[PDB]
Amino acid sequence: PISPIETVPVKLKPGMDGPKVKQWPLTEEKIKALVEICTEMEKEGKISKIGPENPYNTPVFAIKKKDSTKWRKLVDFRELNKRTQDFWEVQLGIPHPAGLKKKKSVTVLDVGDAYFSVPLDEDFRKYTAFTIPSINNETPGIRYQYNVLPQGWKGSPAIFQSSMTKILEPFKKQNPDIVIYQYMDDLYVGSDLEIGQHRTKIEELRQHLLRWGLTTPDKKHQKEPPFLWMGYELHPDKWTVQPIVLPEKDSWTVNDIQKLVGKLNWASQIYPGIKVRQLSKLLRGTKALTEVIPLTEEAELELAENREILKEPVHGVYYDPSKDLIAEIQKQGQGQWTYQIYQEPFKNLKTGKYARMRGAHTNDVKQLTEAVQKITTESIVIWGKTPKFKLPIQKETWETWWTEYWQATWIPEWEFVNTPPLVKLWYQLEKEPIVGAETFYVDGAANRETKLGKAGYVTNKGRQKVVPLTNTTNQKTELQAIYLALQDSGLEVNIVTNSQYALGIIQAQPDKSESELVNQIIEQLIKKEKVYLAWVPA
Amino acid sequence: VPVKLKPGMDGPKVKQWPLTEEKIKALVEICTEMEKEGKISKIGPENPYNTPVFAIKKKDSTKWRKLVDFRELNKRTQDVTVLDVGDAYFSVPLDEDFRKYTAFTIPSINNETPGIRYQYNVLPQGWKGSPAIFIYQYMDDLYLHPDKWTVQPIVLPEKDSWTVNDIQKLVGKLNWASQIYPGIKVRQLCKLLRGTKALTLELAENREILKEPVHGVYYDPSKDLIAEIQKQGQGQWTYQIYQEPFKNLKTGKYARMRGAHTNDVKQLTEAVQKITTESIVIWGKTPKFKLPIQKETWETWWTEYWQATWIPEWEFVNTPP
DNA sequence: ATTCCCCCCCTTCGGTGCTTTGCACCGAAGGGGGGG
Ligand SMILES: Nc1ncnc2c1ncn2[C@H]1C[C@H](O)[C@@H](COP(=O)(O)OP(=O)(O)OP(=O)(O)O)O1
Ligand SMILES: [Mg+2]
Ligand SMILES: [Mg+2]
């Protein structure tokens with residue numbers, strides 16, 4: 001019946017009181033579903049028919065489960081959640097199949113009516129009061145109060161997850177060799193026993209849970225592969241994601257494209273070389289989620305490339321603890337990176353991608369370091385270990401970058417792999433002034449009121465130039481002055497600025513940015529052979 | 001002893017960062033041992049306060065230790081060689097109304113099970129009230145060769161000759177040396193400087209106004225010290241401790257000891273431990289650190305090399321020095 | 001049409017700090033995907 005587990009004490013925030021919301025009208029079949037589910041839970045003792053006193057109320061409604069024939073009963077507890085104390089969540093993440101070890105015996109179980117089995121604290125039951133309306137809005141409704149955890153309340157998930165852990169602790173204490181993965185009420189049970197010998201211990205768990213009021217119907221007890229677990233398709237030796245359907249829609253809207261980006265961003269964990277930047281760029285500026293977005297030729301190609309990747313089958317493999325993890329990162333263009341994790345070559349544990357542009361000005365080295373850090377954190381999350389990286393950056397290039405950078409940076413144990421796109425610094429500012437080369441003393445000073453600057457350069461050998469700038473700022477004008485100095489110099493220049501800002505933008509050695517002026521300065525810096533840059537106080 | 005929060009201040013709600021299989025296994029072994037002797041106890045989700053926890057392997061001991069990041073909680077509570085004292089802090093009980101804030105959550109590899117939450121039943125290790133309720137100890141660290149601590153003076157290079165760059169830089173190591181070292185108001189160098197020519201008495205009068213050290217710059221026990229670290233390249237680290245900008249209480253240099261020419265984070269982490277230990281014995285407060293490192297880079301690796309029971313507050317710089 | 005909770009990404013906007021009142025960076029809140 002109901003779990004004999006001890007109830008978690010719940011309180012409202014101090015000063016606050018219970019809800020007094022009303023009930024919204026409902027469809028005539030939702031009313032029937034709500035009252036039948038409700039006659040059932042009242043017979044089973046899950047709700048206590050209230051009546052002429054409760055000064056509390058909360059709207060209720062129903063949706064359809066994945067079963068497509070049953071209904072889920074929900075309560076819109078938003079106001080109560082506002083007025084309810086705060087809980088600390090214990091679910092710190094989602095388990096991944098790539099972190100699962102190959103187990104000879106595997107079974108997946110599901111606790112029926114998971115929430116309606118854990119009791120609710122007695123003092124808090126009044127606040128959960130609700131009213132089931134009247135068939136064809138006619139008579140007064142049959143009101144109830146929740147004796148168990150409701151679906152819609154914000155303290156229900158944490159309480160249920162703690163209760164399930166407390167229930168499963170006795171079983172795991174006497175049975176160490178079975179791995180148990182508990183996600184809410186979904187249980188993955190793995191063992192190093194044969195079929196006829198771990199069923200005996202699965203029917204023992206099914207009765208240990210049943211002793212605590214937790215039932216387990218045998219229609220959601222999966223005993224044979226492939227197991228449908230956490231949105232995957234677990235095979236005895238491999239695993240894969242459940243089939244992913246991509247839209248084939250003639251006209252695309254904003255939401256119609258964010259769905260596409262979300263699908264590809266989830267398929268990118270196993271499928272290799274998935275890119276969304278050209279499609280995710282179509283979701284800029286536009287805010288109304290109903291307008292037909294035309295598909296650019298760059299996004300059309302990405303859609304074309306993505307759909308043939310999703311045309312062939314991909315399957316990962318399981319973790320082997322007696323091996324080392326290898327991550328192979330690849331640069332794929334426009335700041336997008338792809339990585340693969342494996343222990344044996346050509347058999348991937350999981351695929352991924354990185355296309356986050358963190359900062360205003362950055363280069364390939366910093367982006368690669370960011371990707372390495374992300375992969376390291378993710379691997380520590382999944383396997384508890386730091387992998388070995390196959391980076392496309394030379395050892396000498398990384399040594400040059402890290403030995404001449406103010407910010408402290410590191411990459412764990414790694415090795416270089418010869419792939420066509422390599423990570424390199426496209427230019428390097430030199431330390432000592434160059435003989436034979438002229439100087440390009442730059443100043444662009446603006447006016448903060450009329451937005452008028454004077455961007456120019458003066459040469460030691462008698463050469464000056466000045467270009468008036470409008471609608472610009474102090475920093476933009478001096479960047480334009482540096483650009484002007486680079487524009488009319490030979491294949492060697494000595495640039496001396498008055499700007500501690502423009503030095504920072506250039507000394508960091510970027511290669512791409514959203515600012516057009518910085519991109520033009522970078523482009524011109526690549527052409528020049530040797531460049532010196534220093535700042536002086538005016 | 002009744003301890004309470006700062007009026008208007010609630011309690012820590014910090015998330016738990018991921019750990020490695022070896023740290024989790026050590027933490028489970030340690031917490032199970034402590035729970036069986038009553039020092040900690042299991043709690044549920046009804047407690048909304050959380051502090052991060054992690055494990056460190058102590059120097060030349062091969063024995064793991066538990067460390068709780070009691071930084072948010074300490075800033076909200078209303079209250080020479082070094083060795084350990086936290087152990088003894090396990091012998092005085094806490095206050096039942098305060099035990100709710102000292103709660104942590106041990107994570108699980110691959111998110112196998114929901115995190116196991118605990119809370120302290122005795123005085124924790126890393127909590128400023130801890131030394132209190134209970135020769136100089138910081139808070140749990142009970143206090144190397146403190147016989148040579150000084151303030152590095154700034155010096156313009158000595159050799160010969162003068163480039164329109166060496167002078168164009170000189171007025172830079174100088175005009176900047178102003179709010180810091182006054183007296184160098186030298187202004188005549190703008191004659192072989194601003195003039196436009198190829199970059200390819202006052203000197204010693206200021207080489208003397210630099211000889212004199214961190215004049216004045218006295219310490220007040222009201223503003224917590226700020227420490228900013230600079231990477232000088234090839235395992236060379238320099239730091240400055242200033243209460244108010246442009247007047248340094250102490251500056252120094254940290255050369256290459258650990259992580260030989262391979263690991264910046266190992267060098268930075270040990271430098272922070274070195275400066276903090278320096279501050280405690282002379283000032284008594286852990287300075288706020290402005291670290292020349294990214295956010296993700298420091299948070300991922302600083303626990304791998306940390307060897308100190310205390311954890312100072314720090315911020316990360318984002319602009320060149 | 002109506003709920004909660006967790007993880008991820010991608011975009012947008014407000015707060016913060018230094019500075020040259022712009023500019024750069026970060027955190028939180030929308031949209032989406034997945035999960036129970
Ligand atoms: N859409 C949802 N809204 C709120 N809570 C939900 C939702 N889906 C699942 N949950 C929570 C409450 C459920 O008791 C718990 C476990 O999910 P699930 O097993 O699908 O439901 P259940 O146990 O109520 O039904 P079933 O009898 O089909 O197992 O997760
Ligand atoms: Mg299910
Ligand atoms: Mg179920």
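Proteins come first, then strands; the chains are lettered A, B, ... in the order of their sequence lines, and each starts at number 1.
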Mind checking [X] for me? I need base, sugar-phosphate or nothing, with any heavy atom below 4.0 Å counting as a touch.
X: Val381(A); result: nothing
X: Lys73(A); result: nothing
X: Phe77(A); result: nothing
X: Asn81(A); result: sugar-phosphate
X: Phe87(A); result: nothing
X: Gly152(A); result: base
X: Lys15(B); result: sugar-phosphate
X: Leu92(A); result: sugar-phosphate
X: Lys30(A); result: nothing

So, [X] versus [Y], ring centres under 6.0 angstrom or not?
X: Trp239(A); Y: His96(A); answer: yes
X: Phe289(B); Y: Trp298(B); answer: no
X: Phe130(A); Y: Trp153(A); answer: no
X: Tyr501(A); Y: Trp535(A); answer: no

When the distance from [atom1] of [X] to [atom2] of [N] is rounded to whole Å, what number comes out?
X: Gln258(A); N: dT11(C); atom1: CD; atom2: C1'; value: 9 Å
X: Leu279(A); N: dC9(C); atom1: CG; atom2: P; value: 18 Å
X: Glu46(B); N: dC5(C); atom1: CD; atom2: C1'; value: 17 Å
X: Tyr354(A); N: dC9(C); atom1: OH; atom2: P; value: 9 Å
X: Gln407(A); N: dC25(C); atom1: CD; atom2: P; value: 10 Å

Exercise for the section: Using a 3.5 Å limit on both pairing distances, list the dot-bracket string of DNA chain C from the 5' end; Watson-Crick and G-U wobble pairs count, crossing pairs take [ ], interstrand pairs take |. Expected result: ....((((((((((((((...)))))))))))))).
Handout entry: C1' gap between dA29(C) and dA1(C), integer Å
Key =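 To the nearest whole Å, 22 Å.
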Practice task
In whole angstrom, give me the gap between the P atoms of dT3(C) and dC8(C).
Solution key: 23 Å
Handout entry: Pair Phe61(A)-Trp24(A), ring pair (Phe, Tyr, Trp, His ring centres under 6.0 Å): steps then yes or no
Key = CA-CA 9 Å; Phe61(A) 64 111; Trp24(A) 74 61; 5.6 Å; yes
Problem - Closest listed nucleotide, where the reference is the side chain of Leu289(A) and the choices are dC10(C), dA24(C), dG31(C) - result: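 Out of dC10(C), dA24(C), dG31(C), the nucleotide with an atom closest to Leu289(A)'s side chain is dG31(C).
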Handout entry: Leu74(A) side chain, from C-beta outward: closest of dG32(C), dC9(C), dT3(C)
Key =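 Selected nucleotide: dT3(C).
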Exercise for the section: For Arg78(A) and for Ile505(A), find the nucleotide of DNA chain C with the closest heavy atom, then tell me which residue's nucleotide is more 5'. Expected result: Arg78(A)
Problem - Nearest-nucleotide 5' precedence on DNA chain C, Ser280(A) against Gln91(A) - result: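 The residue closer to the strand's 5' end, by nearest nucleotide, is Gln91(A).
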Protein and nucleotides 34-36 of chain C: nitrogen or oxygen contacts under 3.5 angstrom:
residue : atom : partner   : partner atom : Å
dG34(C) : OP1  : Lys263(A) : NZ           : 2.6
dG35(C) : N2   : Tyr183(A) : OH           : 3.2
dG35(C) : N3   : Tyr183(A) : OH           : 2.8

Exercise for the section: Could you list all the salt bridge (charged side-chain N to carboxylate O under 4.0 Å, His left out) pairs where at least one residue sits in residues 78-87 of chain A, not counting sequence neighbours? Expected result: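 For residues 78-87 of chain A: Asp76(A)-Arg78(A), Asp86(A)-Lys13(B).
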Exercise for the section: Check whether the side chains of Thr300(B) and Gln373(A) place a donor and an acceptor atom closer than 3.5 Å, and report yes or no. Expected result: yes
Handout entry: Stacking of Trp24(A) on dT2(C) base (centres under 5.5 Å, planes under 30°)
Key = yes
Exercise for the section: Please check if atom CD in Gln242(A) has more than 12 non-hydrogen atoms from other residues, nucleotides or ligands closer than 6.0 Å. Expected result: yes
Practice task
Look at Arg358(A) and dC26(C) and indicate whether a side-chain polar atom (N or O) is within less than 4.0 Å of OP1 or OP2.
Solution key: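 Answer is yes, contact under 4.0 Å.
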